[PDB]
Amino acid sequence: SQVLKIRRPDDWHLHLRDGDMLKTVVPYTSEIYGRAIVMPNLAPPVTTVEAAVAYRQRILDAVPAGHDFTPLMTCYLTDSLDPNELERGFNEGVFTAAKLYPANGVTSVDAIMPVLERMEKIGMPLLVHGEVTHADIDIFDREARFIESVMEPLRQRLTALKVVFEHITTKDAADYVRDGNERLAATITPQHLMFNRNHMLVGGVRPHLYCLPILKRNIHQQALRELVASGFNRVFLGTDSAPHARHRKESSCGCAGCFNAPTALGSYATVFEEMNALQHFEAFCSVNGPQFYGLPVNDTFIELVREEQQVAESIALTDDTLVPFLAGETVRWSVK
């Protein structure tokens, strides 16, 4: 019965893959979101303007006629990337931002200072997967350790640099972001709002809930839920929809990533509704991101209805299937 009309959303953190997987997955995004930040971690990664232009065209080839969807491309930062290449792509409208992945990506921030300094000067946002990767650091501590040892030093060095702390998963990061300045923002996925590590590990191991940064303790989940529900205007929708074929997930060494594009928007609506915070929902989906990136808000509107839809058990691929996040379950809100 209940209907919720919002400004059309965007997705500020998306993996579209390539090839036949890209053809399969893009329509789940393009049918809903006006734009999406398309991450650059292809094999090999998108590190040149030329590669980004080609990738962008493959994505557009795969967008059904009638979907008004614009992929916003990103550069994968590498220790050796030429700052002139990053800037050229930016000037051309090809690169919207650059993405910093930990080594096991970038080995040190120090190795890429010239690039980061260029980004700071030209006003290019830096998107950060914020985890340290030393073998001795427990996997649940890697996000927290990143804040102290990399993020805060980096932001102290480049005080004009705009940073998105991508897919934050901890109370540590939530507090860090809440207390930061207008040059620091974050994205949060649906899974890190809806679940905690118990949902991945109790009663069985659930690889479809296995993603990076790893699901944390409930106290962390609660901190993220309170953050979005507070109305804080520098957090915004980024799904980290990260699809893998079923048997790449269900194997002796399962790939990280949740394929949440089909269910994310309604999943977010449920969280906000639960937190008694639907008045902040549009801003999270459709306003906060644009503001941070200095892009206009979308000028169309969509509707969500609170009618329970059943999530497909699987989606066909050329070879194998794709298991969506919440496969076989129910979502309380769906797109009208």
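Basically, rigid core = biggest C-alpha set you can superpose within 1.5 Å across the two forms. Residue indices: 1-based, along the sequence shown.
In terms of root mean square C-alpha deviation after superposing on the rigid core in 8 other deposited structures of this protein, the stretch standing farther out between 220-228 and 76-84 is 76-84. With 92-100 and 107-115 as candidates, the stretch whose CA atoms show the greater average offset from this form in 8 other deposited structures of this protein after a core fit is 107-115.
Coordinates are lacking for 4 to 9 deposited residues between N104 and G105. For the two regions 301-309 and 281-289, the entry's Cα B-factors average higher over 301-309. On average the C-alpha atoms of 106-114 have higher B-factors than those of the other stretch, with 121-129 and 106-114 being the two compared. The maximum CA B-factor among the listed residues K171, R197, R234, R246, taken from the PDB record, is found at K171. In this PDB entry, the Cα temperature factor of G204 sits in the bottom third of its chain's modelled residues, the lowest group.
Sorting the modelled residues of the chain by their CA temperature factor places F259 in the highest third.
When the modelled residues of the chain are ordered by C-alpha B-factor, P190 sits in the middle third. In the PDB entry, a CA B factor belonging to the highest third of its chain's modelled residues is recorded for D20. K162: CA B factor in the highest third of modelled residues in this chain (values from the PDB entry).
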